[PDB]
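Enquirer: quick one: initial chain(s) of a complex, as found there:
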Amino acid sequence: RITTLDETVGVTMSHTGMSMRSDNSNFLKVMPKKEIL
C-alpha cells in the first residue's frame, strides 16, 4: 500500500515551492592589412 509521510508537514512542504537550495544537479545546464591578407 501507499506509505504516508507523517511529520510536521511544513518540513516536507518547504522543498515544494521556494527553498533557496538551487541546482545540486548536473542535468541540462549548458591585424594588419598586408599581414592578414
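Expert: Structure's in. What do you need? Numbers count the residues shown, from 1 in each chain, chains lettered A, B, ... in the order given.
Enquirer: Would you confirm that residue A:5 contacts residue A:15?
Expert: No: applying C-beta atoms under 8 Å as the test, residue A:5 and residue A:15 come out as separate, 11.8 Å apart. The C-beta positions use only the backbone N, C-alpha and C, and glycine is treated the same way.
Enquirer: And the helices in chain A, which stretches?
Expert: A:10-13, A:33-36 (DSSP state H).
Enquirer: Convert the C-alpha atoms of the first one to CSV, please.
Expert: I take that to be helix A:10-13. The C-alpha trace of helix A:10-13 is given here as CSV (Å, rounded to 0.1, in the frame of the first residue of the first chain):
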residue,chain,number,x,y,z
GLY,A,10,6.0,22.0,6.6
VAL,A,11,9.4,20.4,6.8
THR,A,12,8.4,18.3,3.8
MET,A,13,6.4,21.2,2.4
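Enquirer: Check the spacing between the residue nearest in space to the middle of chain A and residue A:12 real quick.
Expert: Residue closest to the average C-alpha location in chain A (C-alpha atoms, centre = their mean): residue A:23, at 2.7 Å. Using C-beta to C-beta, to the nearest Å, one gets 21 Å for the distance from residue A:23 to residue A:12.
Enquirer: okay, chain B goes in next:
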Amino acid sequence: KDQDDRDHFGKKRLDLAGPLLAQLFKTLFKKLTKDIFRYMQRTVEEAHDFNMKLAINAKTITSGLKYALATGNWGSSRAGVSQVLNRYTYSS
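Expert: Take a look at chain B, now in place beside the chains above:
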C-alpha cells in the same frame, strides 16, 4: 433462442467514486506527462538550465480536481455527476 434484452439488470454496471475517479485521474496525469516533456524539449532547444520545479505544474492536478467536483460535469462529455448533500432531515 430469442433476442438479447438490454433491460436485464446484471448486464449493466455501476460506477462509484473509484472507477469514476480512474477516468479523471488518468486524463489529468496524461496532460501533465506531456507538458513535463514540453519542458524537456524546449530546455534543450532554447539552451537553458533545467528546473524540476518549473518542470511540473501542480495546477494540472489542482485545477482539475477542484473544477470537476465543483460542477456536475466530469469532462461536455458527462454531466450531473455531483450534487449537493440533502439535509432537510436525517432521513434525507
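Enquirer: ok, residue A:5 - contacts?
Expert: residue A:12 (C-beta atoms under 8 Å, 6 or more residues apart in numbering or on different chains).
Enquirer: Try it again at 10 Å.
Expert: Residue A:5 makes contact with A:11-12, according to C-beta atoms under 10 Å, 6 or more residues apart in numbering or on different chains.
Enquirer: for residue B:60, same thing?
Expert: Residue B:60 neighbours (C-beta under 10 Å, 6+ apart): B:28-33, B:35-36.
Enquirer: of those residues, buried ones?
Expert: B:28, B:32 (16 or more other C-beta atoms under 10 Å in any protein chain shown).
Enquirer: Which one of the residues in chain B is closest to chain A?
Expert: When distances are taken as C-beta to the nearest C-beta, chain B reaches nearest to chain A at residue B:50, 3.7 Å away.
Enquirer: Surely the residue nearest to the centre of chain A and residue B:53 touch.
Expert: No: Residue A:23 is beyond contact range of residue B:53, at 11.8 Å (criterion: C-beta atoms under 10 Å).
Enquirer: extra chain here, label it chain C:
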Amino acid sequence: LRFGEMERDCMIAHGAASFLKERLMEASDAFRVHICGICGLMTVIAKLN
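Expert: Putting chain C onto the chains we already have gives this:
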C-alpha cells in the same frame, strides 16, 4: 405573476378585448412613439420641448 399563453386563450372565449387591451398595455409596458407619414418607420427625431 406571469400572464401565460393559455390564460390569454380563455379571455378570447369570453371575448372582452378591453380587458385584454388594458392588461397588456397599462399593466404591462406603455409607450408613445412617432413615425413619418411616408416611410412608415421609427425615424423621427422628436423635440417637443
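Enquirer: since we added chain C, can you redo the contacts of residue A:5?
Expert: Shown in contact with residue A:5 (C-beta under 10 Å, 6+ apart): A:11-12.
Enquirer: can you rerun that using 8 Å?
Expert: Residue A:5 sits in contact with residue A:12, where contact means C-beta under 8 Å, 6+ apart.
Enquirer: Kindly indicate whether the residue nearest the centre of chain B is helix, strand or coil.
Expert: For chain B, residue B:24 is the residue whose C-alpha lies nearest the centre (C-alpha atoms, centre = their mean; 1.8 Å). Classification of residue B:24 using DSSP: H, G, I helix; E, B strand; the rest coil returns helix.
Enquirer: Is the residue lying closest to it once chain neighbours are set aside within a helix or a strand, and which one?
Expert: Nearest residue to residue B:24 in three dimensions, chain neighbours excluded: residue B:68, at 6.0 Å (C-beta to C-beta, 6 or more residues apart in numbering or on different chains). Following DSSP states H and E, the helix or strand that holds residue B:68 is helix B:59-70.
Enquirer: tell me the contacts of residue 8?
Expert: Answering for chain A, as no chain was given. No contacts exist for residue A:8 under C-beta under 8 Å, 6+ apart.
Enquirer: Actually, chain C is the one I wanted.
Expert: residue C:20.
Enquirer: Thanks a lot, catch you later.
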